[PDB]
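Undergrad: fold the following, please.
(one chain, ligands or ions: 2)
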Amino acid sequence: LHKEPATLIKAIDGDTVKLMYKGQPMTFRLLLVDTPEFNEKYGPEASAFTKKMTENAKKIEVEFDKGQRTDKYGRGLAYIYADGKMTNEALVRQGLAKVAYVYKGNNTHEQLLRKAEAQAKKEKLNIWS
Ligand SMILES: Cc1cn([C@H]2C[C@H](OP(=O)(O)O)[C@@H](COP(=O)(O)O)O2)c(=O)[nH]c1=O
Ligand SMILES: [Ca+2]
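TA: Numbers count the residues shown, from 1 in each chain. Ligands and ions are numbered 1, 2, ... in the order given. Right below this line is the structure:
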């Protein structure tokens, strides 16, 4: 997998962000995770976490996996990095997302994320509390 440049356009909620990628605006859905809807418990905290993480980054990168790069809604499917730290993994580590939507072929970082979820769950963090 390879990191590609992109710039924040707008952080949308816990697991979707609008980015400019190859000069075009596009909404990205973070691979392998599910954050609560803004309306649900921990939804505003997940949104706020992704917003700070992405808004504070000097450098945003997108990393596509091996399979599908867009979903059925035209959203990009990627791992998103903020100054070298993976937002997908960070949300899970904090108990603000669950590992979810693991489809074969787009699951390179599954193990890493499950490992983070185990630690979040052990700590009874946020969603696990
Ligand atoms: C994360 C991810 C979501 N999706 C689709 C599945 C879900 O379809 P349905 O909308 O039909 O439930 C939806 C969940 O996204 P959200 O969690 O953003 O709503 O996005 C993919 O198809 N591939 C993916 O990798
Ligand atoms: Ca969601």
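Undergrad: contacts, neighbours, all on C-alpha from now
TA: Will do.
Undergrad: the host helix or strand of residue 61 and ligand 1 in contact?
TA: For residue 61, the host element (DSSP states H and E) is strand 60-63. No - using C-alpha under 6 Å from any ligand atom, strand 60-63 stays clear of ligand 1, with a minimum separation of 13.2 Å.
Undergrad: so in that sheet, which strands flank that strand, and in what orientation?
TA: strand 4-11 (antiparallel), strand 76-82 (antiparallel) (DSSP bridges).
Undergrad: most packed of the ones you listed?
TA: strand 76-82 (a mean of 24; mean count of other C-alpha atoms under 10 Å).
Undergrad: next structured bit after that one?
TA: Taking DSSP H and E, what comes next after strand 76-82 is strand 85-86.
Undergrad: identify all contacting residues around that following strand.
TA: Under the criterion C-alpha atoms under 8 Å, 6 or more residues apart in numbering, residues 79, 80 lie in contact with strand 85-86.
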